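Single-letter residue listing:
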Amino acid sequence: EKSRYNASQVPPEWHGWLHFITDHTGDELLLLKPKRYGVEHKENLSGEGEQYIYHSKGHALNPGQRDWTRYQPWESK
Amino acid sequence: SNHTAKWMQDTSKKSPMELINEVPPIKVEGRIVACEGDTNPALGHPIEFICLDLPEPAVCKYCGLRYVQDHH
Amino acid sequence: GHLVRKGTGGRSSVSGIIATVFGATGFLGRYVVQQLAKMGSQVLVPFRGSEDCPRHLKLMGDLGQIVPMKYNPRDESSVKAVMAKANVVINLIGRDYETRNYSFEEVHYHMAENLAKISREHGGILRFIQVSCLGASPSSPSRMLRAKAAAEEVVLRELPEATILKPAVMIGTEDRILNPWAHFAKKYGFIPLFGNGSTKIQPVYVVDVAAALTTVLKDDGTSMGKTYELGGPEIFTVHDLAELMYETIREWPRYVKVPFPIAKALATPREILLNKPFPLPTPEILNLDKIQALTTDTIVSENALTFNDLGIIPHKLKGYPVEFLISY
Amino acid sequence: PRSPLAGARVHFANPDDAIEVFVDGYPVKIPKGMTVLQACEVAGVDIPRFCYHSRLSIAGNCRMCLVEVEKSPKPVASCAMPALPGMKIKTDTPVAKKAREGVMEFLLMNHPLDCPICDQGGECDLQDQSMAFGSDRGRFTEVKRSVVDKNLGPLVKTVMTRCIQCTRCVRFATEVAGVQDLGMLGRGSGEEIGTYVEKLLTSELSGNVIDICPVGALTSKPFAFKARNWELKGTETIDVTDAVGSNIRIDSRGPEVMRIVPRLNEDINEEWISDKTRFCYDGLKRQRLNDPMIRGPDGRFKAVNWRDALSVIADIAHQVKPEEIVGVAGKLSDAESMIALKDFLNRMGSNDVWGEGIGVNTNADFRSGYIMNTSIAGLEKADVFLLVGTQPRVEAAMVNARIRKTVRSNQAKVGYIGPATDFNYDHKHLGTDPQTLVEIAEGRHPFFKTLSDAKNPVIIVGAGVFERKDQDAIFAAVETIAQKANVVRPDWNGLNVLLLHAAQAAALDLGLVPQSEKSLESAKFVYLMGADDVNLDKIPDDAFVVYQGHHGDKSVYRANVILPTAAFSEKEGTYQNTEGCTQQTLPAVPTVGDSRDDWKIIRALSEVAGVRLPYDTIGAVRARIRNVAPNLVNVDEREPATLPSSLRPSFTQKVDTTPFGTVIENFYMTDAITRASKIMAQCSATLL
Amino acid sequence: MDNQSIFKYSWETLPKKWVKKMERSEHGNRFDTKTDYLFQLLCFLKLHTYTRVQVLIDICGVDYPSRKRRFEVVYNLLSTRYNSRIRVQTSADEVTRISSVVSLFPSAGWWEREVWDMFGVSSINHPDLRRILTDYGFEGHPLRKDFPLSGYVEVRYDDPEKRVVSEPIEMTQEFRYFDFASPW
Amino acid sequence: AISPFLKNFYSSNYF
Amino acid sequence: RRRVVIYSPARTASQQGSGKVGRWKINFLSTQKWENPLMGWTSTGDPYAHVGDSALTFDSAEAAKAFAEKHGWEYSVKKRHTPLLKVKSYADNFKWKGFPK
Ligand SMILES: NC(=O)c1ccc[n+]([C@@H]2O[C@H](COP(=O)([O-])OP(=O)(O)OC[C@H]3O[C@@H](n4cnc5c(N)ncnc54)[C@H](OP(=O)(O)O)[C@@H]3O)[C@@H](O)[C@H]2O)c1
Ligand code: SF4
Ligand code: SF4
Ligand code: FES
Ligand SMILES: [Zn+2]
């Protein structure tokens, strides 16, 4: 990605092979590649709008916006 | 339905409970088993000998695998 | 759906309020959001275009209390999503000078109307506090004032349960009269006196205007549809205000005169050339609205309501509220 | 100079003689037949135990308390070893150390390995005993033994993989509980503990079972995996659901209460807790009202401010009612609130205030007449019981357990009058009629003979009789029984009256009895702190009803103004219990929403209503309390009543020949807290 | 097993008027003395031509909030010539002006200032200058068992109202305290 | 004049 | 000023040890917590939220009383319940019921 090249674009397997931790090639670690679940890579955006960014369960920008009360009201009809 | 609703948020991919119910039982041969996976270390789940004297599967209390006795 | 105080004041105490502050990027916006978040309340600030203009008021509150959101104007969906979950809405938008792609009418009037209509849409609001000016009906020059009075009327009409504050001219750590005068004096030949030289005004301390805004915000069941003005602690002529600035800056006063012809003939070309294809400079001290509001005296109506009805008048415009001049 | 463990007041029944033994050197004095374990305790050294509890029988079963008593062969079980004069006890000798190491080795050998999921991990005896006394390495590889878990109702779930065969639960369930369901069955390593027909356990004190059972197998279901012990703080308070005022400890984290557990008090409840109370918090969290509310004329409720609420209530109070102002004191309320309410009403001028379950009839006031005279402790010294109109198993479960303890210790004939019920100790059923009570106050019903042939009898009248119309006749028949059977002697005053609330004692003490009978009918402005006023119904069509309460579930749909308050775990009040002993609770968790304490809300209401109260601080409130009834400021010591029952009867004809009605039903849906609470609801649905 | 020689010689030749307790452990040898003769004792050492200490390593305070003499001052000091170190440990209450040693060992002004503000123990002669470690005008003495871990007034943040300010504490996620104790 | 007790009572219940 | 309560924490109702009984300890009955709206952590504003039972452990009621009186805040001492020590017997376990009635 010649213009906007940024670190963390490397997938995990090649991240290992590149940081010298283990000289196992990305193709081998991808032969391993846990099945039955998994999430494709995604670089650390953190700046391209909050929705590409993320939030907790109480932050107003999160479409969830939980509520923390640890009780209930009486709430008559 | 409520626990995964408390912690998980996406509700697009299946929750852990859904996957561990998607895995079928094991149908072992004897009367007692031990659940770790396939290694003793590096996979945790200390030895959890569990009985199999009921007509229903028996969970493992770590990584519920639901072993079942095969014959009578 | 009455909110509940769930703390003991100070930061990290909830106290319920969630407020969307349109215009919370400049002077009164800074002060009012400071007051609100210090009291303890979530605040959503929109910024027209920047990445760092609201950045300062990002720190005046606990984590996730202040939230800067998105591009504000000229879109109903944007304003709606900004007011998605507010409890109160505070409007302060408004410049002091027209720019080709905008106009006093457009900005003040039409944006007040837009905010009123989108609040009607998101009719889950509790308090709409609109701050306009010490400006009356179209009975005065400076078309900003006419449009702002029409905006006052239309916001009262689209929201009979609203509160419209009419503060006098503000002086504070960053105002647009004292700092221009000090700049002008320090630069070259000293200050001018427009109109006559002895025109009367009621300057007011901005922290106290903000305290009045917080007071009227809380105001437990006492005034939910009111429209009134916020004067100052004492009557000041412009000459005496300039002399106050000079005594506080420790310099020699000098005044320029024959005000009306130079004022008009030197402030009129700006608007013409403006509406004629690229932005033009800012009106340092030759602002048309300055000329108008100085050729007509506007102090206090003494008729509707006041600080005295809300809370004690500002401390005094001698000791602390002018102490920021010592930078010179 | 060596204080016993925890402090332990030895008895010395015959203080003229007492043996002395050498514990680890220096000597100690000991009563006649005390065990080696208690001798070591007195000397001040704890010995590791699993199968020995100071309240259950002994059984040398765990085989971990081993010590060496010189002048004997090699091993000795400390418990069940009666001390001898001069035996040379020794606890820290290589023999004892190796004995403990080996026994712990065997336990941890055939134990499961699931501490990090097994709650009680961080509290476990077996864990701490191993870490402090056992070895550090295990030598074992082969397959262990595992059994299937078991269900015992929605209170005590068991993962029996770790039932180390102590029989603590068995001995408890057969001695203190009363119902024989649990039992140890099997043989050898294959030995389980479980009811053989997969039944449940329809008794209280099962929470006491889960406290007894040391290793984490029997555990409370509604506290499944919510927290370890090292995470949450404990505040020592009392109980308000029952009437005994049990001493408990509320374990809470943040603004949430996680559980409650008993704490030792060898005067009221030994170390136990009735099943109702241990699970009474979930709803205290669950349902709640946390805003002052006003009824909008469409029959709805709107949340208003305290200023407006107090203003409207004070306005209407002054407005209409000249002489028809009544106030019902709550079932779970404190003497502070009661005295404040009574003072506010009497300053308002119109006074009909009365407690929760106190009868509309005369209900004379003599402390010896309306408190349990013989302290619960002394109740272990009776020989003949005369329970009338009372099922103490359902009300005052701790007093029931005490009576069962007495009957177990020494067989004490017990005669019970009233409706049919399932007692758990060989009870005699004498009939259902105050007519029978008359006959026994007279010569028929030869059971009276037993009384005359009795040493230290006890006559227990349940407080449910306060609501019956003819109460002076019942109490006078009891007076005649006492006079003729010699049961009121100065050495021993065995004439007890139970109670069935926590606020009833303090109410009857301050004097909250209704001056009239048709008070609710004739009223027009009722001030409630508690519910039920007869089926919340006797109140007329037009009547200003103000419910100054908490956890609103019932009668709220009749209320006209609503004032939220602080529960019994969020305030500091004074509650008096049946033996006349006055305790005080302590705050544990923050108030919910914006509710306020009861005496505070009453004083504020008075001030805004004009006539104000001369006191505005808890100190002055308790000073007024000292002025009206002093023991309530003499908190934490029972002040007996040294005056007889010389009341004056007013019926003088008969006892109305009507049977004794049942006083409390379902044992769980009473107590509005539990009622609007929940685990009690499913316990009521299943365990009955 | 280290310095029995110096300790034994020092105890057997001292003026035994001003020694209240002696402990010849193997962790460290302790001369617990009276606060009235401390300067006298220390000036005996550093000068006697056998047990000359000549270097003061530490002056630390210890707090025991259950004894009538609340505090405990401790002087750890070695003898570079005789390869030995001793620990002279004195008692000290709330206000009780303790003697100074800045005349003998000039390396105590900073350690005595540190024990002035961390604890509250005074010091009669020179070294009791103003506080050192804690920042500025400070309410308590923040190392006894009463000054809580999070301080009384510690919120300190900027104010565009004026510039910056210090306000009472309202921290979030309160300090959790775990128990972990073990009744054997 | 509202007998400052009440002034506190209208605020939070921790005074 | 603050009202404090001096008590001795009773034995835990789960274990059977004794290394934590008879240890006088003062608590500041401080309960003013609330839920941090962002995450859900338990905030507070009392400086004495935990110190009383996190560092202040006293040796006896006399010492704790003198210390509270010294710092000035008013106190109210509580009572300490101790287990009564009866006498037990394995023979009493294996007692003998009487003859038939
Ligand atoms: N002269 C006075 O001091 C005075 C006296 C009495 C009353 N008032 C009133 O007080 C209020 C606040 O005054 P102020 O001194 O603080 O001025 P201000 O900070 O400049 O307030 C206007 C805000 O809206 C932004 N804005 C500018 N053009 C906009 C547009 N076309 N659409 C949307 N937003 C736009 C401004 O710049 P950014 O885009 O950078 O955010 C600023 O954030 C005004 O309503 C004014 O009439 C002022
Ligand atoms: S009860 Fe549970 S936590 Fe304790 S040692 Fe036994 S298995 Fe582990
Ligand atoms: S699980 Fe409980 S009842 Fe069973 S042997 Fe263990 S301690 Fe006893
Ligand atoms: S306690 Fe003595 S044998 Fe178990
Ligand atoms: Zn598993």
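Right above here is the structure, for reference.
Residues numbered from 1 in each chain as written, not as in the entry; some residues may be left out. Chains lettered and ligands numbered in written order. Part of a larger assembly, values for the part shown. Heavy atoms only, no water. Residues with missing side-chain atoms left out of burial classes, pairs and counts.

Draft legend 1. Looking closely at the overall build of chain G. Along the backbone of chain G there are two helices and five strands. Order of helices (α) and strands (β) in chain G, N terminus to C terminus: β-β-β-β-α-β-α. What you see for chain G is a C-alpha radius of gyration of 22 Å, clearly larger than the 13 Å of a compact globule of 101 residues, by over 25%. If you take every contact in chain G between residues at least 6 apart in sequence, the share linking residues at least 24 apart comes to 54%. (Helix = DSSP H or I, 4+ residues; strand = E, 2+ residues; numbered from the N terminus. Rg over C-alpha atoms; globule rule 2.2 N^0.38 Å. Contact = heavy atoms within 4.5 Å.)

Draft legend 2. Seen up close, the packing of aromatic side chains. Taken as a whole and assessed by the stated rule, the structure comprises 33 aromatic pairs over all chains. For the ring pair D:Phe466 and D:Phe475, a centre distance of 5.9 Å and an interplane angle of 85 degrees mean the geometry is edge-to-face. A single burial state applies to D:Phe466 and to D:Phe475, both of which are buried. Centroid distance E:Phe178 to E:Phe180: 5.7 Å. Interplanar angle 25 degrees. Geometry classified as stacked. The exposed category is assigned to E:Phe180, whose relative accessible area is 58%. Chaining the aromatic ring pairs together yields one cluster made of E:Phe138, E:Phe147, E:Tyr152, G:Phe28, G:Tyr48 and G:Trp73. Across from the ring centre of E:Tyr157, 5.4 Å away, lies the NZ or CZ of C:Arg11, which sits over that ring. The side chain of C:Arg254 reaches across the aromatic face of C:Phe190, ending 5.7 Å from its centre. (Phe/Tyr/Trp six-rings, centres within 6.5 Å; stacked < 30°, edge-to-face > 60°. Buried < 20%, exposed > 50% of the residue type's maximum accessible area, 1.4 Å probe, protein only. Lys NZ or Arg CZ within 6 Å of the ring centre and 35° of its normal.)

Draft legend 3. Representation of the coordination of the zinc ion (ligand 5) within the structure. All names here are of chain B. Surrounding the zinc ion (ligand 5) are the protein donor atoms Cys35 (SG), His45 (NE2), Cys60 (SG), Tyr62 (O) and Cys63 (SG), which sit 1.9 to 2.3 Å from the metal. Taken in chain order, the donor set of the zinc ion (ligand 5) reads C-x9-H-x14-C-x1-Y-C. Of the two residues, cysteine 35 sits in the loop between β1 (32–33) and β2 (50–51) while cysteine 63 sits in the segment after β2, which places them 28 residues apart along the sequence. Owing to a relative accessible area of 1%, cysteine 35 belongs among the buried residues under this scheme. (Donors = N, O, S within 2.8 Å, 3.2 Å for Na, K, Ca; no water.)

Draft legend 4. Spatial organisation of the arrangement of the chains. Across the 14 pairs of chains in contact, the largest number of contacts is found between chains D and G. Between chain B and chain C there is no contact, and the shortest C-alpha to C-alpha distance separating them is 19 Å. Over all C-alpha pairs, chain A and chain F never come within contact, reaching a minimum spacing of 18 Å.

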